[PDB]
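Below is one structure, written out as structure tokens; the observations come after it.
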Amino acid sequence: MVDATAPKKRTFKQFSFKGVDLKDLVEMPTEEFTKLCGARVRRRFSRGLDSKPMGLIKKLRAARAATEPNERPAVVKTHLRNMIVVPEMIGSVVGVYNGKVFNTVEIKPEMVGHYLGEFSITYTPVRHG
Amino acid sequence: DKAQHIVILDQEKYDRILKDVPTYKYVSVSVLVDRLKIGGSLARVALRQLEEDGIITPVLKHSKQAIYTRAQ
Amino acid sequence: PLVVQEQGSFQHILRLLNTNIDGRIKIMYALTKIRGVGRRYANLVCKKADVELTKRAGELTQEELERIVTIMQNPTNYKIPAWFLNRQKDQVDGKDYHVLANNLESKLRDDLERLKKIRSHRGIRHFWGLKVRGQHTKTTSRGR
Amino acid sequence: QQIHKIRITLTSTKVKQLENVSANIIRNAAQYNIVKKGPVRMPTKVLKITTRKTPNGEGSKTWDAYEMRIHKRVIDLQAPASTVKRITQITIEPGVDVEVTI
Amino acid sequence: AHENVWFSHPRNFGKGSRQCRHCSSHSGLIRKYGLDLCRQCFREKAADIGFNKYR
Amino acid sequence: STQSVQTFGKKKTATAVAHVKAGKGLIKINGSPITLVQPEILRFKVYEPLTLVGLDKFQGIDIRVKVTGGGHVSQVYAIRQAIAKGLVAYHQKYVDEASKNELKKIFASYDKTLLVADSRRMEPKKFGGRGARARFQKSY
Amino acid sequence: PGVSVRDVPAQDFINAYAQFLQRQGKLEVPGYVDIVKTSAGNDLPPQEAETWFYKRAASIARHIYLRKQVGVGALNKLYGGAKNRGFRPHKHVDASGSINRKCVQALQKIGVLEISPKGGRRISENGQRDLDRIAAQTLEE
Amino acid sequence: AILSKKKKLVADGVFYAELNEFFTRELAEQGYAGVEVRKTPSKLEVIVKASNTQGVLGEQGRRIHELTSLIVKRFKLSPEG
RNA sequence: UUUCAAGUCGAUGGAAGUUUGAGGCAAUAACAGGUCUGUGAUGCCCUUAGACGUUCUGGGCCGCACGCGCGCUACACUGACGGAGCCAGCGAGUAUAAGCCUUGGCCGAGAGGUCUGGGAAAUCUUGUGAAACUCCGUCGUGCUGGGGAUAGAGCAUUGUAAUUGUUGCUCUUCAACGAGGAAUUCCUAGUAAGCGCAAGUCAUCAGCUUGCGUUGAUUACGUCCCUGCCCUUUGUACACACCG
Ligand SMILES: [Mg+2]
Ligand SMILES: [Mg+2]
Ligand SMILES: [Mg+2]
Ligand SMILES: [Mg+2]
Ligand SMILES: [Mg+2]
Ligand SMILES: [Mg+2]
Ligand SMILES: [Mg+2]
Ligand SMILES: [Mg+2]
Ligand SMILES: [Mg+2]
Ligand SMILES: [Mg+2]
Ligand SMILES: [Mg+2]
Ligand SMILES: [Mg+2]
Ligand SMILES: [Mg+2]
Ligand SMILES: [Mg+2]
Ligand SMILES: [Mg+2]
Ligand SMILES: [Mg+2]
Ligand SMILES: [Mg+2]
Ligand SMILES: [Mg+2]
Ligand SMILES: [Mg+2]
Ligand SMILES: [Mg+2]
Ligand SMILES: [Mg+2]
Ligand SMILES: [Mg+2]
Ligand SMILES: [Mg+2]
Ligand SMILES: [Zn+2]
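One line per chain: the protein sequences are R, b, U, W, f, S, V and F, in this order.
For the first sequence, the residue numbers in the entry's author numbering are 1 to 129.
For the second sequence, the residue numbers in the entry's author numbering are 34 to 105.
For the third sequence, the residue numbers in the entry's author numbering are 2 to 145.
For the fourth sequence, the residue numbers in the entry's author numbering are 16 to 117.
For the fifth sequence, the residue numbers in the entry's author numbering are 2 to 56.
For the sixth sequence, the residue numbers in the entry's author numbering are 2 to 141.
For the seventh sequence, the residue numbers in the entry's author numbering are 2 to 142.
For the eighth sequence, the residue numbers in the entry's author numbering are 4 to 84.
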């Protein structure tokens, strides 16, 4: 086995997703971004983007443009919880239906590539006793 | 857990094998394992060579069963 | 192709990647004791290192032992396919990796908080210790 | 377009009318000196459907096993096309359907 | 507007994509041999169609 | 042509068409020698019709069989029946019937299935269970 | 009288044709043979790493000899076996397509087989010639 | 269009089953017994057996004429077929 | 043997001598048995425009401290893998669709992708070259190469949509389980037991049923001891009939 050492190094590290750091990630077009994520995401964008996902992105873009003192970009509500989070919509706040209520989530960078409804549980957890 | 059968053949066991196997009515994989304390894989290579060396006569040939007897 | 004998060369206990390996196990199945090394993976690193599988663990010399730990730590450098690896398309740097004994639980852990930090549904059920892959829990998994 | 090698395919659910039409055509192909090949008994097909007896879902699990036997016969004739078609109208039967292929 | 929403969800390749000839039901449909009949509707029409019980 | 008789033997689903022609004694299984039967432990089932009468009976006849259907074991019983029936059928047609009745005596006294096909077939499965007679386990 | 492939046991004929094909060395072996498993239903690669490709090609040659226009899809089903689904019952799963397609392609460049009309892969004019030869050098002992 | 043999004999039966119930609902008051479909070249003969053949063939056979029209328009049959 | 009767048990012949094997149908009445969640089958009650009609979106029917039932994998060597041998039967399959069965060729470790062709079918898929099985090897009684849950990362397919992973594939993790208490189920010959395959549901998903075939036994061919039912006799203050 010889030996082993683990001296971890840094350089003012910016958050990075699969070799692409946050700076370049956000202004990459979503066409380019999907080429470096999982198989399920890659298949979905090849199948054709219907109007519903693209319409939410347009509203989400406008909601950030409404405010330019750099605070939270006001909530956009939606039912479409099969939305795949893209770097374009990082930092936006969306209200995602869980069947009854608008769960409010703020799009953190580590949420990218996930399904929008995966962060809003649709059922209150069971509590016996 | 108590088996701890020997899998490496040293020199003390090697000549003990060639001194004990001929004095057997019937040798097989289990017979070699049972009394010589060697492993099953080591028994199989020992049988295939002891037959090639002429000490052991093959009564019956089979993958799952090797029936051998003394050649004297 | 015949029985051979040796004295003093066998090594009863091996230490690879800070894990103790029993020396009387066949080499392909001895390495499976190292967590992160399965039967399929151990078969290929031995074939890439030109270590014939017909050898017990203690039979190997030091020269061969170092040659194996080098390959496991650099699989892509030894014509090991990317799809054959443990951790491919890594989350942070996007390169294909194969995590090993002590590194596996660290990055397995780092994946758990990464799921829990974003508070995804899969990460939440992992926190509760419940099944995360959609399994029914009504009637199964009642032990403790 | 004269004498041709002509196939007549016979399918029906019931064999009595099928064999009557088959024999009647063979009979008419005998007194008329027309060389013939057949009839050829194709392996009969058993169309089976197995449903549950209960309209509801209560009781012992009992099943029906319905059947629909389909018998198919093909006969080869060596005659001009005008002769074979008029033979079909001679031996027309409601149960048996006829298709003619050259 | 409304016509683009009313009855807009696809109703193909599904259980609701087909129905019984007789009762227009969605459950217990029989598609073998292109029957497209409910299993209950089939029993009351089997003799007419030509299905008989022999064995 | 020549003295040729064609017969068949059967087991559950296996059917072995025996072409017993005459000749130097050629005996092949699907174009392969009987000396190469795949089930070695069952190699003596097809050797029985040979050693019972004596190989001298096969000097003048050659037999080529084509066995299809059934399973591995069911095919062995189909082959041995086609051979036994083929030897008898040749004697009845091209040899005196006194010899044919002699051969038939030794075969029948040893195994009925050499000449008589086994009539056993699989019982149909009935609903309410996973087998013909077996039923789903009942609970109260 | 002559000797054919059908006159020799299958199991030890392939062991002899495999030995010749390896010592001849002209068969082109793809580069992933030391890595891959024969079938998706299998869980481990073949134990005879150096010789398994030759033996499988020998088996393919013998199997094609006895039939007419067998395809490569049929070869996957033939060498496929029961998959070890964990708790679900066993099932038959076909073998890997590349291994079989490379073998028949490899066998096509050694001269034993060729693409037959109406599909499949016939045995070559020389394919009968050299297989029947190996049969003779099998049964002399 | 192109329909299989298995699917054609079943379709003829299914057509008979649906056609038979249609007469039971429409001609219930006339003692409807059964229907016989006699296929023939260039024509589809249908024989209905009823206790009263006046209610079907009434007022210069108006009902039977207006009843065969309900079958041409539902099974896409030629008016003469 | 027998009341020499109905029959039964043995042989011989026979393809078949258990009703030849197996099923389908199946009497006189009856149950508050189950279904109005099969019906454009229904009486009545409720609702009928802020619908309890119908449609659209999203969730749920899977939700988990627990008790119970039908099952599938297994606990190993009569075995696991690795090569090799290589045999069934019952069935199904499409068009200007809304897309069927898909060989053969070519890519791909696989899963899978692509190009042509055949088949509305004893023709082509298909000999469905299925699995158990057999041979030769590795393993060697070890929670081991038995077992494959749980979980991490990745690759494809179906589908508008896969997150609460549809499913498949690759690597890795490798858990209880070391033959199971009280109890209790099914079964007598090609039967039981294994072992797979097809059809139904089905865009996708079979640890499910309905069938089919491969390999193929142990043990009775008897009894009323337990259990259920039937008959006869008997008691009854029950007859809406002991839920009296
Ligand atoms: Mg809601
Ligand atoms: Mg196979
Ligand atoms: Mg295999
Ligand atoms: Mg297993
Ligand atoms: Mg298993
Ligand atoms: Mg009967
Ligand atoms: Mg009630
Ligand atoms: Mg209702
Ligand atoms: Mg209703
Ligand atoms: Mg219904
Ligand atoms: Mg409403
Ligand atoms: Mg439910
Ligand atoms: Mg849930
Ligand atoms: Mg049940
Ligand atoms: Mg095996
Ligand atoms: Mg066919
Ligand atoms: Mg273990
Ligand atoms: Mg697993
Ligand atoms: Mg008991
Ligand atoms: Mg009981
Ligand atoms: Mg589902
Ligand atoms: Mg299915
Ligand atoms: Mg009384
Ligand atoms: Zn219906």
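Cβ coordinates follow ideal geometry from the N, Cα and C atoms, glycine included.
Going down the chain, each residue whose beta-carbon is closer than 6 Å to a heavy atom of ligand 3 shows up: V/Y80, V/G82.
At a cut-off of 7 Å, the C-beta of F/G16 has a neighbouring C-beta in chain f. By the criterion of a C-beta distance shorter than 8 Å, b/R77 is surrounded in its chain by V62, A99, once the five residues flanking it on both sides are discounted. Here S/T8 is buried. Its C-beta has 16 or more other C-beta atoms within 10 Å. CA-CA distance, U/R68 to S/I28, rounds to 59 Å. Excluding sequence positions up to five before and after F/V75, its CB lies within less than 8 Å of the CB of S81, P82, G84, all in the same chain and listed in chain order. Pairing S/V21 with S/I62 gives a Cβ-Cβ distance under 7 Å.
W/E114 carries a strand assignment under DSSP once its states are collapsed to helix, strand and coil.
About 7 Å separates the Cβ atoms of W/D79 and f/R44, confirming a contact at the 8 Å cut-off. The contact set of U/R25 on chain b, defined by CB atoms closer than 8 Å, consists of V40, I41 in chain order.
Contacts between F/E21 and chain f, judged by CB atoms closer than 9 Å, involve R22, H23, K46, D49 in chain order. CA-to-CA, the gap between S/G70 and S/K113 works out to about 22 Å. Here DSSP, grouped into helix, strand and coil, assigns V/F21 to helix.
Straight through space, the alpha carbons of R/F33 and R/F45 are spaced by roughly 11 Å. Taking 7 Å as the cut-off, the beta carbon of V/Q70 is found closer than this to the beta carbon of V/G121. Between R/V86 and R/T30, the alpha-carbon positions lie close to 7 Å from each other. Linking V/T52 to S/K12 through their CA atoms gives a straight-line distance of about 40 Å. For the alpha helix (DSSP H) assignment, the uninterrupted runs of no fewer than 4 residues enclosed by the segment 57–102 of chain S are, from N- to C-terminal side, 73–95. Neighbours of W/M83 across chain f, judged by C-beta separation under 9 Å: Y34, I50, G51, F52, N53. Taking 9 Å as the cut-off between beta carbons, the residues of the segment 33–44 of chain U near chain V are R40, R41, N44, in sequence order. U/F128 is positioned such that its CB atom lies no closer than 7 Å to that of U/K118.
Taken atom to atom, the span from the alpha-carbon of U/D94 to that of b/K94 is near 58 Å. If you look at U/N78, you'll find it isn't in any alpha helix (DSSP H); DSSP assigns it neither H nor E.
By the 16-neighbour rule on beta-carbons within 10 angstroms, S/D57 is exposed. In this structure, F/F25 keeps its C-beta atom at 7 Å or more from the C-beta atom of F/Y35. Within chain V, the C-beta atoms nearer than 7 Å to that of S/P34 come from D8, in chain order. Short of 8 Å from the beta carbon of V/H91, and not among the five residues preceding or following it, lie these beta carbons of its own chain, in chain order: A83, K84, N85. Within chain U, the residues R40, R41, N44 have their CB atoms less than 8 Å from the CB of V/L45, given in chain order.
Under the 10 Å beta carbon count, W/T106 is surrounded by 16 or more other beta carbons and is classified as buried. With respect to chain W, the C-beta atom of S/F45 has no partner C-beta closer than 7 Å. Collapsing the DSSP output to three states places F/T71 in a helix. Under DSSP, W/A94 takes part in a beta bridge, and its partners are W/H19. Taken through DSSP and simplified to helix, strand or coil, F/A36 comes out as strand.
When Cβ-Cβ separations below 7 Å define contact, W/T26 makes contact with chain F. Rounded to the nearest angstrom, the Cβ distance from U/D91 to U/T77 is 12 Å, too far for a contact under 8 Å.
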